[PDB]
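This is start22.txt (compact mmCIF, N, CA and C atoms).
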# COMPACT_ATOMS: atom_id res chain seq x y z
N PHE A 860 126.92 92.71 95.39
CA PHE A 860 126.28 93.31 94.23
C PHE A 860 126.86 92.75 92.93
N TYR A 861 128.18 92.53 92.90
CA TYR A 861 128.80 91.96 91.71
C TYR A 861 128.28 90.56 91.42
N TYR A 862 128.10 89.75 92.46
CA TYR A 862 127.51 88.42 92.28
C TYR A 862 126.07 88.52 91.78
N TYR A 863 125.30 89.45 92.35
CA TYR A 863 123.92 89.65 91.90
C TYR A 863 123.86 90.14 90.46
N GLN A 864 124.87 90.91 90.04
CA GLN A 864 124.89 91.42 88.67
C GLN A 864 124.94 90.30 87.63
N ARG A 865 125.52 89.16 87.97
CA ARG A 865 125.59 88.02 87.07
C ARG A 865 124.48 87.00 87.32
N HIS A 866 123.50 87.34 88.16
CA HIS A 866 122.38 86.46 88.49
C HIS A 866 122.88 85.12 89.04
N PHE A 867 123.79 85.21 90.01
CA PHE A 867 124.36 84.02 90.66
C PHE A 867 123.35 83.46 91.66
N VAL A 868 122.28 82.88 91.11
CA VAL A 868 121.24 82.27 91.94
C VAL A 868 121.79 81.07 92.69
N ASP A 869 122.68 80.30 92.06
CA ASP A 869 123.27 79.14 92.72
C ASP A 869 124.11 79.54 93.93
N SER A 870 124.65 80.75 93.92
CA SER A 870 125.45 81.23 95.05
C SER A 870 124.58 81.37 96.29
N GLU A 871 125.13 81.00 97.44
CA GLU A 871 124.38 81.05 98.69
C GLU A 871 124.15 82.47 99.20
N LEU A 872 124.81 83.47 98.61
CA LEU A 872 124.65 84.86 99.04
C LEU A 872 123.40 85.48 98.39
N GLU A 873 122.25 84.88 98.71
CA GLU A 873 120.96 85.35 98.19
C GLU A 873 120.45 86.46 99.10
N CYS A 874 120.87 87.69 98.79
CA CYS A 874 120.50 88.86 99.58
C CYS A 874 119.06 89.29 99.27
N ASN A 875 118.12 88.41 99.65
CA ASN A 875 116.71 88.70 99.44
C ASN A 875 116.26 89.89 100.28
N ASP A 876 116.76 89.98 101.52
CA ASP A 876 116.36 91.08 102.40
C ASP A 876 116.78 92.43 101.84
N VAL A 877 117.99 92.51 101.29
CA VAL A 877 118.47 93.77 100.73
C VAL A 877 117.59 94.22 99.58
N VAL A 878 117.21 93.29 98.70
CA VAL A 878 116.33 93.62 97.58
C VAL A 878 114.98 94.11 98.10
N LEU A 879 114.42 93.41 99.09
CA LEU A 879 113.12 93.80 99.63
C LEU A 879 113.16 95.19 100.25
N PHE A 880 114.20 95.47 101.04
CA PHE A 880 114.33 96.80 101.64
C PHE A 880 114.52 97.87 100.57
N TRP A 881 115.28 97.56 99.52
CA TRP A 881 115.45 98.51 98.42
C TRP A 881 114.12 98.82 97.75
N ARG A 882 113.26 97.81 97.59
CA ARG A 882 111.93 98.05 97.05
C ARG A 882 111.12 98.97 97.95
N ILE A 883 111.21 98.76 99.27
CA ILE A 883 110.50 99.62 100.21
C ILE A 883 111.02 101.05 100.13
N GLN A 884 112.34 101.21 100.09
CA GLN A 884 112.93 102.55 100.02
C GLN A 884 112.53 103.25 98.73
N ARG A 885 112.56 102.54 97.60
CA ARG A 885 112.12 103.12 96.34
C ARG A 885 110.64 103.49 96.39
N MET A 886 109.82 102.64 96.99
CA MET A 886 108.39 102.94 97.12
C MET A 886 108.17 104.18 97.98
N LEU A 887 108.94 104.32 99.06
CA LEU A 887 108.79 105.50 99.92
C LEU A 887 109.14 106.78 99.17
N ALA A 888 110.20 106.74 98.36
CA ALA A 888 110.59 107.93 97.60
C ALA A 888 109.50 108.34 96.62
N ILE A 889 108.92 107.36 95.91
CA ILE A 889 107.82 107.66 94.99
C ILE A 889 106.61 108.19 95.75
N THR A 890 106.28 107.55 96.87
CA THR A 890 105.12 107.98 97.66
C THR A 890 105.31 109.39 98.19
N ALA A 891 106.51 109.71 98.67
CA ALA A 891 106.78 111.05 99.19
C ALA A 891 106.62 112.10 98.10
N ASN A 892 107.17 111.83 96.91
CA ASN A 892 107.06 112.78 95.81
C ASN A 892 105.61 112.94 95.37
N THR A 893 104.88 111.82 95.27
CA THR A 893 103.48 111.88 94.85
C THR A 893 102.63 112.65 95.85
N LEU A 894 102.84 112.40 97.14
CA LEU A 894 102.09 113.13 98.17
C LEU A 894 102.45 114.61 98.16
N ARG A 895 103.73 114.93 97.94
CA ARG A 895 104.14 116.33 97.89
C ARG A 895 103.46 117.07 96.75
N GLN A 896 103.38 116.43 95.57
CA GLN A 896 102.69 117.05 94.45
C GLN A 896 101.20 117.22 94.73
N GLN A 897 100.57 116.20 95.32
CA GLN A 897 99.15 116.30 95.65
C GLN A 897 98.90 117.39 96.69
N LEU A 898 99.76 117.48 97.70
CA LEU A 898 99.62 118.52 98.71
C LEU A 898 99.77 119.91 98.08
N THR A 899 100.74 120.07 97.18
CA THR A 899 101.01 121.38 96.60
C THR A 899 99.92 121.82 95.64
N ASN A 900 99.20 120.89 95.03
CA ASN A 900 98.22 121.22 94.01
C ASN A 900 96.79 120.85 94.38
N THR A 901 96.55 119.59 94.76
CA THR A 901 95.18 119.10 94.92
C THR A 901 94.46 119.77 96.09
N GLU A 902 95.11 119.83 97.26
CA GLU A 902 94.42 120.23 98.48
C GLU A 902 94.52 121.72 98.77
N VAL A 903 95.34 122.46 98.03
CA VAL A 903 95.44 123.91 98.26
C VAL A 903 94.11 124.59 97.93
N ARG A 904 93.48 124.19 96.82
CA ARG A 904 92.21 124.80 96.44
C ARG A 904 91.12 124.49 97.46
N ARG A 905 91.09 123.26 97.98
CA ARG A 905 90.09 122.91 98.99
C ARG A 905 90.32 123.70 100.27
N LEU A 906 91.58 123.88 100.66
CA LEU A 906 91.89 124.69 101.84
C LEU A 906 91.38 126.12 101.66
N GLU A 907 91.63 126.71 100.49
CA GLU A 907 91.16 128.06 100.22
C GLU A 907 89.64 128.14 100.25
N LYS A 908 88.97 127.14 99.69
CA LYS A 908 87.51 127.13 99.68
C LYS A 908 86.95 127.09 101.10
N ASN A 909 87.51 126.22 101.94
CA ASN A 909 87.02 126.10 103.32
C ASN A 909 87.27 127.39 104.10
N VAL A 910 88.41 128.04 103.87
CA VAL A 910 88.71 129.29 104.57
C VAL A 910 87.68 130.35 104.22
N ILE B 709 89.94 122.71 110.18
CA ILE B 709 90.37 121.32 110.28
C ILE B 709 89.17 120.38 110.27
N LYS B 710 88.10 120.75 110.98
CA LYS B 710 86.90 119.92 111.00
C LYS B 710 86.29 119.79 109.61
N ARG B 711 86.27 120.89 108.84
CA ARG B 711 85.69 120.88 107.51
C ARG B 711 86.62 120.29 106.45
N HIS B 712 87.86 119.96 106.81
CA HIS B 712 88.79 119.40 105.84
C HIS B 712 88.33 118.02 105.37
N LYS B 713 88.47 117.77 104.07
CA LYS B 713 88.10 116.48 103.49
C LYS B 713 89.04 116.18 102.35
N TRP B 714 89.84 115.12 102.50
CA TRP B 714 90.79 114.72 101.47
C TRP B 714 90.07 114.06 100.30
N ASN B 715 90.71 114.11 99.14
CA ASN B 715 90.14 113.50 97.94
C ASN B 715 89.95 112.00 98.14
N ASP B 716 88.76 111.51 97.80
CA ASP B 716 88.47 110.09 97.95
C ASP B 716 89.13 109.25 96.86
N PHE B 717 89.29 109.81 95.67
CA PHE B 717 89.88 109.09 94.55
C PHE B 717 91.40 108.95 94.66
N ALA B 718 92.04 109.73 95.53
CA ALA B 718 93.49 109.62 95.69
C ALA B 718 93.89 108.26 96.25
N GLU B 719 93.11 107.73 97.19
CA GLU B 719 93.44 106.43 97.79
C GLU B 719 93.43 105.33 96.74
N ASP B 720 92.38 105.28 95.91
CA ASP B 720 92.30 104.26 94.87
C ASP B 720 93.41 104.41 93.84
N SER B 721 93.70 105.64 93.42
CA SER B 721 94.77 105.86 92.45
C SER B 721 96.12 105.45 93.00
N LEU B 722 96.41 105.84 94.25
CA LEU B 722 97.72 105.54 94.83
C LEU B 722 97.91 104.04 95.05
N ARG B 723 96.83 103.31 95.33
CA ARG B 723 96.94 101.87 95.55
C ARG B 723 97.61 101.18 94.36
N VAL B 724 97.17 101.51 93.15
CA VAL B 724 97.78 100.95 91.95
C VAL B 724 99.20 101.49 91.77
N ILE B 725 99.41 102.77 92.11
CA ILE B 725 100.70 103.41 91.85
C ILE B 725 101.81 102.71 92.62
N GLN B 726 101.62 102.53 93.93
CA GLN B 726 102.64 101.85 94.72
C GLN B 726 102.68 100.35 94.47
N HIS B 727 101.57 99.75 94.02
CA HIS B 727 101.58 98.33 93.68
C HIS B 727 102.55 98.05 92.54
N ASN B 728 102.48 98.87 91.48
CA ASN B 728 103.39 98.69 90.35
C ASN B 728 104.82 99.07 90.73
N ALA B 729 104.97 100.08 91.59
CA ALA B 729 106.31 100.50 92.01
C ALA B 729 107.02 99.38 92.77
N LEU B 730 106.30 98.70 93.67
CA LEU B 730 106.90 97.63 94.46
C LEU B 730 107.05 96.33 93.69
N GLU B 731 106.42 96.21 92.52
CA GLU B 731 106.49 94.96 91.77
C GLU B 731 107.84 94.74 91.11
N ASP B 732 108.66 95.78 90.98
CA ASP B 732 109.98 95.62 90.38
C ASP B 732 110.89 94.82 91.31
N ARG B 733 111.79 94.04 90.70
CA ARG B 733 112.71 93.18 91.44
C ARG B 733 114.14 93.28 90.93
N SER B 734 114.49 94.36 90.23
CA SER B 734 115.82 94.52 89.65
C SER B 734 116.42 95.84 90.13
N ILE B 735 117.65 95.78 90.63
CA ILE B 735 118.39 96.95 91.09
C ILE B 735 119.51 97.19 90.09
N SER B 736 119.32 98.17 89.21
CA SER B 736 120.31 98.46 88.17
C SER B 736 121.40 99.41 88.63
N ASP B 737 121.26 100.02 89.81
CA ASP B 737 122.21 101.02 90.29
C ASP B 737 123.02 100.45 91.45
N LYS B 738 124.34 100.59 91.36
CA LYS B 738 125.21 100.17 92.45
C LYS B 738 124.97 101.01 93.70
N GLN B 739 124.78 102.32 93.53
CA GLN B 739 124.57 103.19 94.68
C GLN B 739 123.24 102.89 95.37
N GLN B 740 122.23 102.47 94.62
CA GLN B 740 120.96 102.09 95.23
C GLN B 740 121.14 100.89 96.15
N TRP B 741 121.94 99.91 95.74
CA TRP B 741 122.23 98.76 96.59
C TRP B 741 122.92 99.20 97.87
N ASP B 742 123.90 100.10 97.76
CA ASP B 742 124.58 100.61 98.94
C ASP B 742 123.63 101.40 99.83
N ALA B 743 122.75 102.21 99.22
CA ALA B 743 121.79 102.98 100.00
C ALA B 743 120.84 102.08 100.77
N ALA B 744 120.39 100.98 100.14
CA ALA B 744 119.52 100.04 100.83
C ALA B 744 120.23 99.40 102.02
N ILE B 745 121.52 99.09 101.86
CA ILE B 745 122.29 98.52 102.97
C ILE B 745 122.35 99.50 104.13
N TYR B 746 122.64 100.77 103.84
CA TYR B 746 122.69 101.78 104.89
C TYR B 746 121.33 101.97 105.55
N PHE B 747 120.26 101.99 104.74
CA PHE B 747 118.92 102.13 105.29
C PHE B 747 118.56 100.95 106.18
N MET B 748 118.93 99.73 105.76
CA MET B 748 118.69 98.55 106.58
C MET B 748 119.47 98.63 107.89
N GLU B 749 120.72 99.10 107.83
CA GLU B 749 121.54 99.18 109.03
C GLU B 749 120.92 100.13 110.06
N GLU B 750 120.44 101.29 109.61
CA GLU B 750 119.82 102.24 110.53
C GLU B 750 118.57 101.65 111.17
N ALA B 751 117.72 101.01 110.37
CA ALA B 751 116.51 100.40 110.91
C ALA B 751 116.85 99.26 111.87
N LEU B 752 117.82 98.42 111.50
CA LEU B 752 118.21 97.31 112.37
C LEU B 752 118.80 97.82 113.68
N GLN B 753 119.61 98.88 113.61
CA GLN B 753 120.23 99.41 114.82
C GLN B 753 119.19 99.95 115.79
N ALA B 754 118.16 100.62 115.27
CA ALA B 754 117.10 101.13 116.14
C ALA B 754 116.37 99.99 116.85
N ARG B 755 116.02 98.94 116.10
CA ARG B 755 115.37 97.78 116.71
C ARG B 755 116.31 97.08 117.68
N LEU B 756 117.59 96.98 117.32
CA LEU B 756 118.57 96.35 118.21
C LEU B 756 118.70 97.11 119.52
N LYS B 757 118.72 98.45 119.45
CA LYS B 757 118.83 99.25 120.66
C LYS B 757 117.64 99.04 121.58
N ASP B 758 116.43 98.94 121.02
CA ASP B 758 115.26 98.65 121.83
C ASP B 758 115.36 97.27 122.47
N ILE C 709 100.11 85.81 66.08
CA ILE C 709 100.13 87.27 66.02
C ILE C 709 98.72 87.81 65.77
N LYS C 710 97.97 87.16 64.88
CA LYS C 710 96.60 87.60 64.61
C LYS C 710 95.72 87.50 65.85
N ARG C 711 95.88 86.43 66.63
CA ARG C 711 95.08 86.23 67.83
C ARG C 711 95.57 87.04 69.02
N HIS C 712 96.71 87.72 68.91
CA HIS C 712 97.23 88.51 70.02
C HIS C 712 96.30 89.67 70.34
N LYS C 713 96.10 89.92 71.64
CA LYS C 713 95.26 91.02 72.10
C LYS C 713 95.84 91.56 73.40
N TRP C 714 96.30 92.80 73.37
CA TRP C 714 96.88 93.43 74.54
C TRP C 714 95.78 93.82 75.53
N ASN C 715 96.17 93.93 76.80
CA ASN C 715 95.23 94.31 77.85
C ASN C 715 94.65 95.69 77.58
N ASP C 716 93.32 95.80 77.67
CA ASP C 716 92.65 97.07 77.42
C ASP C 716 92.82 98.04 78.59
N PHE C 717 92.91 97.51 79.81
CA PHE C 717 93.03 98.35 81.00
C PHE C 717 94.43 98.93 81.18
N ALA C 718 95.43 98.40 80.47
CA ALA C 718 96.78 98.93 80.58
C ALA C 718 96.86 100.37 80.08
N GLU C 719 96.16 100.68 78.98
CA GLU C 719 96.20 102.03 78.43
C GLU C 719 95.66 103.05 79.42
N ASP C 720 94.51 102.76 80.03
CA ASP C 720 93.93 103.68 81.00
C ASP C 720 94.81 103.83 82.24
N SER C 721 95.38 102.73 82.74
CA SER C 721 96.25 102.80 83.91
C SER C 721 97.50 103.61 83.61
N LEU C 722 98.13 103.37 82.45
CA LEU C 722 99.37 104.05 82.12
C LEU C 722 99.15 105.55 81.90
N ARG C 723 97.98 105.94 81.40
CA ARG C 723 97.70 107.35 81.17
C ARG C 723 97.90 108.17 82.44
N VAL C 724 97.34 107.69 83.55
CA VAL C 724 97.52 108.37 84.83
C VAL C 724 98.97 108.27 85.29
N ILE C 725 99.61 107.12 85.04
CA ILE C 725 100.96 106.88 85.56
C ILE C 725 101.94 107.90 85.00
N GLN C 726 101.96 108.06 83.67
CA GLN C 726 102.87 109.03 83.07
C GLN C 726 102.41 110.47 83.28
N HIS C 727 101.11 110.70 83.49
CA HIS C 727 100.64 112.05 83.78
C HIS C 727 101.24 112.56 85.09
N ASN C 728 101.21 111.73 86.14
CA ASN C 728 101.80 112.14 87.41
C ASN C 728 103.32 112.21 87.32
N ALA C 729 103.93 111.31 86.54
CA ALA C 729 105.38 111.32 86.39
C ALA C 729 105.86 112.62 85.75
N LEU C 730 105.16 113.09 84.72
CA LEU C 730 105.56 114.30 84.03
C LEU C 730 105.17 115.57 84.77
N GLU C 731 104.32 115.47 85.79
CA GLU C 731 103.87 116.66 86.51
C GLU C 731 104.94 117.25 87.41
N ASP C 732 105.99 116.49 87.72
CA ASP C 732 107.06 117.01 88.56
C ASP C 732 107.86 118.07 87.80
N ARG C 733 108.35 119.07 88.55
CA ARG C 733 109.10 120.18 87.97
C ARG C 733 110.37 120.49 88.75
N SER C 734 110.88 119.54 89.54
CA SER C 734 112.06 119.76 90.36
C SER C 734 113.11 118.70 90.05
N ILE C 735 114.34 119.14 89.80
CA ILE C 735 115.46 118.25 89.52
C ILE C 735 116.39 118.32 90.72
N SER C 736 116.34 117.30 91.58
CA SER C 736 117.14 117.29 92.79
C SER C 736 118.54 116.71 92.58
N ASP C 737 118.81 116.13 91.42
CA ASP C 737 120.08 115.46 91.16
C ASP C 737 120.90 116.28 90.16
N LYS C 738 122.16 116.53 90.51
CA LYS C 738 123.06 117.23 89.59
C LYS C 738 123.32 116.39 88.34
N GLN C 739 123.50 115.08 88.51
CA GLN C 739 123.78 114.22 87.37
C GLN C 739 122.59 114.13 86.42
N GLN C 740 121.36 114.21 86.96
CA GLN C 740 120.18 114.22 86.11
C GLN C 740 120.17 115.44 85.20
N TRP C 741 120.55 116.60 85.73
CA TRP C 741 120.65 117.81 84.92
C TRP C 741 121.68 117.64 83.80
N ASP C 742 122.83 117.06 84.13
CA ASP C 742 123.85 116.81 83.12
C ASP C 742 123.37 115.80 82.09
N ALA C 743 122.66 114.75 82.54
CA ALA C 743 122.14 113.75 81.62
C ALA C 743 121.13 114.36 80.65
N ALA C 744 120.27 115.25 81.14
CA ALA C 744 119.31 115.92 80.27
C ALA C 744 120.01 116.77 79.23
N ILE C 745 121.10 117.44 79.62
CA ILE C 745 121.87 118.25 78.67
C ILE C 745 122.43 117.36 77.56
N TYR C 746 123.02 116.23 77.94
CA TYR C 746 123.57 115.31 76.95
C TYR C 746 122.48 114.74 76.05
N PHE C 747 121.33 114.39 76.63
CA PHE C 747 120.22 113.87 75.84
C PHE C 747 119.71 114.93 74.87
N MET C 748 119.61 116.18 75.32
CA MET C 748 119.20 117.26 74.43
C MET C 748 120.20 117.45 73.30
N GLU C 749 121.50 117.38 73.61
CA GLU C 749 122.52 117.57 72.59
C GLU C 749 122.42 116.52 71.49
N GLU C 750 122.22 115.25 71.88
CA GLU C 750 122.10 114.19 70.88
C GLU C 750 120.88 114.40 69.99
N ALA C 751 119.74 114.74 70.60
CA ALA C 751 118.53 114.98 69.82
C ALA C 751 118.70 116.20 68.91
N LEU C 752 119.29 117.28 69.43
CA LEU C 752 119.50 118.47 68.62
C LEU C 752 120.45 118.20 67.47
N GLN C 753 121.51 117.43 67.72
CA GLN C 753 122.48 117.14 66.67
C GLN C 753 121.85 116.34 65.53
N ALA C 754 120.98 115.38 65.86
CA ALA C 754 120.31 114.61 64.82
C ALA C 754 119.43 115.51 63.96
N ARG C 755 118.64 116.38 64.59
CA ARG C 755 117.82 117.31 63.83
C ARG C 755 118.67 118.29 63.04
N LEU C 756 119.78 118.76 63.63
CA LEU C 756 120.67 119.67 62.93
C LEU C 756 121.27 119.02 61.70
N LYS C 757 121.67 117.75 61.81
CA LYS C 757 122.24 117.05 60.66
C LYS C 757 121.24 116.93 59.52
N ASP C 758 119.97 116.65 59.84
CA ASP C 758 118.94 116.61 58.81
C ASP C 758 118.76 117.97 58.16

Same coordinates, now as structure tokens:
Amino acid sequence: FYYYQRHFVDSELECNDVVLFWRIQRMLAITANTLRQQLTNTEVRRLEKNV
Amino acid sequence: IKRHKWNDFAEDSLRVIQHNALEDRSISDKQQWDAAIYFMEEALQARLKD
Amino acid sequence: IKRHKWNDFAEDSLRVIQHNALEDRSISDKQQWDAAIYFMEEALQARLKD
């Protein structure tokens, strides 16, 4: 991480996989929160209507 | 359950939402880097066990 | 500068983006709560000084 902090592109420790997985993990957290909000608000009214 | 119908516009809205979220390429948090390492280790270990 | 023209679709896309971001009402991080307190204090102090 310290090497990445200085943008050591010339360094052979190009942890591309770690960055990609971090993007996936961040995307999952946003998706989970967004789905939770939609479930709590958007679909509750439709469930009540169908009932 | 049969009468259930999810919002059609949610799919289109979310497509852009996660597209912009994944477009970032900078990790400003040290703990986020460590968390990604741990998350990778768990996923790799499961595949390795199989 | 005169010929500069920003994307027109960015405004519409961002409107939804920040709308969903602000719709959350749960603070799961202790440090986020402390950060909000510090941010409020700085803003309040500036207004108080005026």

Using Å and a single decimal, report how far CA of residue 733 (chain C) sits from CA of residue 885 (chain A). 19.2 Å

CA of residue 873 (chain A) and CA of residue 751 (chain B) are how many Å apart? 20.2 Å

Using only N, CA and C atoms and a distance of at most 8 Å, pull out the residues of chain C that contact chain A, as an MDAnalysis selection string. chainID C and resid 728 731:732

Backbone DSSP call of alpha helix (DSSP H) for region 862-899 of chain A, listed as a PDB file with N, CA and C atoms, keeping the file's coordinate frame:
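Output below, filename out-v3.pdb:
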ATOM      1  N   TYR A 862     128.100  89.750  92.460  1.00  0.00           N
ATOM      2  CA  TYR A 862     127.510  88.420  92.280  1.00  0.00           C
ATOM      3  C   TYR A 862     126.070  88.520  91.780  1.00  0.00           C
ATOM      4  N   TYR A 863     125.300  89.450  92.350  1.00  0.00           N
ATOM      5  CA  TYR A 863     123.920  89.650  91.900  1.00  0.00           C
ATOM      6  C   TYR A 863     123.860  90.140  90.460  1.00  0.00           C
ATOM      7  N   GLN A 864     124.870  90.910  90.040  1.00  0.00           N
ATOM      8  CA  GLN A 864     124.890  91.420  88.670  1.00  0.00           C
ATOM      9  C   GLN A 864     124.940  90.300  87.630  1.00  0.00           C
ATOM     10  N   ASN A 875     118.120  88.410  99.650  1.00  0.00           N
ATOM     11  CA  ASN A 875     116.710  88.700  99.440  1.00  0.00           C
ATOM     12  C   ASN A 875     116.260  89.890 100.280  1.00  0.00           C
ATOM     13  N   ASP A 876     116.760  89.980 101.520  1.00  0.00           N
ATOM     14  CA  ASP A 876     116.360  91.080 102.400  1.00  0.00           C
ATOM     15  C   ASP A 876     116.780  92.430 101.840  1.00  0.00           C
ATOM     16  N   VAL A 877     117.990  92.510 101.290  1.00  0.00           N
ATOM     17  CA  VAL A 877     118.470  93.770 100.730  1.00  0.00           C
ATOM     18  C   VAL A 877     117.590  94.220  99.580  1.00  0.00           C
ATOM     19  N   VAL A 878     117.210  93.290  98.700  1.00  0.00           N
ATOM     20  CA  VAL A 878     116.330  93.620  97.580  1.00  0.00           C
ATOM     21  C   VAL A 878     114.980  94.110  98.100  1.00  0.00           C
ATOM     22  N   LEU A 879     114.420  93.410  99.090  1.00  0.00           N
ATOM     23  CA  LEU A 879     113.120  93.800  99.630  1.00  0.00           C
ATOM     24  C   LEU A 879     113.160  95.190 100.250  1.00  0.00           C
ATOM     25  N   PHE A 880     114.200  95.470 101.040  1.00  0.00           N
ATOM     26  CA  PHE A 880     114.330  96.800 101.640  1.00  0.00           C
ATOM     27  C   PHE A 880     114.520  97.870 100.570  1.00  0.00           C
ATOM     28  N   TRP A 881     115.280  97.560  99.520  1.00  0.00           N
ATOM     29  CA  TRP A 881     115.450  98.510  98.420  1.00  0.00           C
ATOM     30  C   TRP A 881     114.120  98.820  97.750  1.00  0.00           C
ATOM     31  N   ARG A 882     113.260  97.810  97.590  1.00  0.00           N
ATOM     32  CA  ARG A 882     111.930  98.050  97.050  1.00  0.00           C
ATOM     33  C   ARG A 882     111.120  98.970  97.950  1.00  0.00           C
ATOM     34  N   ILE A 883     111.210  98.760  99.270  1.00  0.00           N
ATOM     35  CA  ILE A 883     110.500  99.620 100.210  1.00  0.00           C
ATOM     36  C   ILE A 883     111.020 101.050 100.130  1.00  0.00           C
ATOM     37  N   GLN A 884     112.340 101.210 100.090  1.00  0.00           N
ATOM     38  CA  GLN A 884     112.930 102.550 100.020  1.00  0.00           C
ATOM     39  C   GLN A 884     112.530 103.250  98.730  1.00  0.00           C
ATOM     40  N   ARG A 885     112.560 102.540  97.600  1.00  0.00           N
ATOM     41  CA  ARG A 885     112.120 103.120  96.340  1.00  0.00           C
ATOM     42  C   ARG A 885     110.640 103.490  96.390  1.00  0.00           C
ATOM     43  N   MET A 886     109.820 102.640  96.990  1.00  0.00           N
ATOM     44  CA  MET A 886     108.390 102.940  97.120  1.00  0.00           C
ATOM     45  C   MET A 886     108.170 104.180  97.980  1.00  0.00           C
ATOM     46  N   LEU A 887     108.940 104.320  99.060  1.00  0.00           N
ATOM     47  CA  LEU A 887     108.790 105.500  99.920  1.00  0.00           C
ATOM     48  C   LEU A 887     109.140 106.780  99.170  1.00  0.00           C
ATOM     49  N   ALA A 888     110.200 106.740  98.360  1.00  0.00           N
ATOM     50  CA  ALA A 888     110.590 107.930  97.600  1.00  0.00           C
ATOM     51  C   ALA A 888     109.500 108.340  96.620  1.00  0.00           C
ATOM     52  N   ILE A 889     108.920 107.360  95.910  1.00  0.00           N
ATOM     53  CA  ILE A 889     107.820 107.660  94.990  1.00  0.00           C
ATOM     54  C   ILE A 889     106.610 108.190  95.750  1.00  0.00           C
ATOM     55  N   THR A 890     106.280 107.550  96.870  1.00  0.00           N
ATOM     56  CA  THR A 890     105.120 107.980  97.660  1.00  0.00           C
ATOM     57  C   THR A 890     105.310 109.390  98.190  1.00  0.00           C
ATOM     58  N   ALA A 891     106.510 109.710  98.670  1.00  0.00           N
ATOM     59  CA  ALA A 891     106.780 111.050  99.190  1.00  0.00           C
ATOM     60  C   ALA A 891     106.620 112.100  98.100  1.00  0.00           C
ATOM     61  N   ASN A 892     107.170 111.830  96.910  1.00  0.00           N
ATOM     62  CA  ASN A 892     107.060 112.780  95.810  1.00  0.00           C
ATOM     63  C   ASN A 892     105.610 112.940  95.370  1.00  0.00           C
ATOM     64  N   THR A 893     104.880 111.820  95.270  1.00  0.00           N
ATOM     65  CA  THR A 893     103.480 111.880  94.850  1.00  0.00           C
ATOM     66  C   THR A 893     102.630 112.650  95.850  1.00  0.00           C
ATOM     67  N   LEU A 894     102.840 112.400  97.140  1.00  0.00           N
ATOM     68  CA  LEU A 894     102.090 113.130  98.170  1.00  0.00           C
ATOM     69  C   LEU A 894     102.450 114.610  98.160  1.00  0.00           C
ATOM     70  N   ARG A 895     103.730 114.930  97.940  1.00  0.00           N
ATOM     71  CA  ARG A 895     104.140 116.330  97.890  1.00  0.00           C
ATOM     72  C   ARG A 895     103.460 117.070  96.750  1.00  0.00           C
ATOM     73  N   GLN A 896     103.380 116.430  95.570  1.00  0.00           N
ATOM     74  CA  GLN A 896     102.690 117.050  94.450  1.00  0.00           C
ATOM     75  C   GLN A 896     101.200 117.220  94.730  1.00  0.00           C
ATOM     76  N   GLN A 897     100.570 116.200  95.320  1.00  0.00           N
ATOM     77  CA  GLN A 897      99.150 116.300  95.650  1.00  0.00           C
ATOM     78  C   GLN A 897      98.900 117.390  96.690  1.00  0.00           C
ATOM     79  N   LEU A 898      99.760 117.480  97.700  1.00  0.00           N
ATOM     80  CA  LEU A 898      99.620 118.520  98.710  1.00  0.00           C
ATOM     81  C   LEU A 898      99.770 119.910  98.080  1.00  0.00           C
ATOM     82  N   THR A 899     100.740 120.070  97.180  1.00  0.00           N
ATOM     83  CA  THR A 899     101.010 121.380  96.600  1.00  0.00           C
ATOM     84  C   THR A 899      99.920 121.820  95.640  1.00  0.00           C
TER      85      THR A 899
END

How big is the axis-aligned box, and where does its centre sit, when it encloses all atoms of region 745-748 of chain B listed in the file and has 3 Å added on every side, reported in Å to one decimal as JSON?
{"center_x": 120.6, "center_y": 100.3, "center_z": 104.9, "size_x": 10.1, "size_y": 9.6, "size_z": 12.0}

Work out how far CA of residue 863 (chain A) is from CA of residue 738 (chain C), in Å to one decimal.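 Going from CA of residue 738 (chain C) over to CA of residue 863 (chain A), I get 27.7 Å.
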
I need the residue nearest residue 887 (chain A) from this list: B:713, B:729, B:736, B:721. Use only C-alpha atoms for the distance.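 For residue 887 (chain A), the nearest of the candidates is B:729.
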
Could the residues of chain B within 12 Å of chain C, counting only C-alpha atoms, be given as a tab-separated table (two decimals) with N, CA and C atoms, in the coordinates of the input, please?
chain	number	residue	atom	x	y	z
B	718	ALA	N	92.04	109.73	95.53
B	718	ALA	CA	93.49	109.62	95.69
B	718	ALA	C	93.89	108.26	96.25
B	720	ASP	N	92.38	105.28	95.91
B	720	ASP	CA	92.30	104.26	94.87
B	720	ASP	C	93.41	104.41	93.84
B	721	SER	N	93.70	105.64	93.42
B	721	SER	CA	94.77	105.86	92.45
B	721	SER	C	96.12	105.45	93.00
B	722	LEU	N	96.41	105.84	94.25
B	722	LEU	CA	97.72	105.54	94.83
B	722	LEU	C	97.91	104.04	95.05
B	723	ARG	N	96.83	103.31	95.33
B	723	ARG	CA	96.94	101.87	95.55
B	723	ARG	C	97.61	101.18	94.36
B	724	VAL	N	97.17	101.51	93.15
B	724	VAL	CA	97.78	100.95	91.95
B	724	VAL	C	99.20	101.49	91.77
B	725	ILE	N	99.41	102.77	92.11
B	725	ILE	CA	100.70	103.41	91.85
B	725	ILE	C	101.81	102.71	92.62
B	726	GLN	N	101.62	102.53	93.93
B	726	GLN	CA	102.64	101.85	94.72
B	726	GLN	C	102.68	100.35	94.47
B	727	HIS	N	101.57	99.75	94.02
B	727	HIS	CA	101.58	98.33	93.68
B	727	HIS	C	102.55	98.05	92.54
B	728	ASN	N	102.48	98.87	91.48
B	728	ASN	CA	103.39	98.69	90.35
B	728	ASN	C	104.82	99.07	90.73
B	729	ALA	N	104.97	100.08	91.59
B	729	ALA	CA	106.31	100.50	92.01
B	729	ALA	C	107.02	99.38	92.77
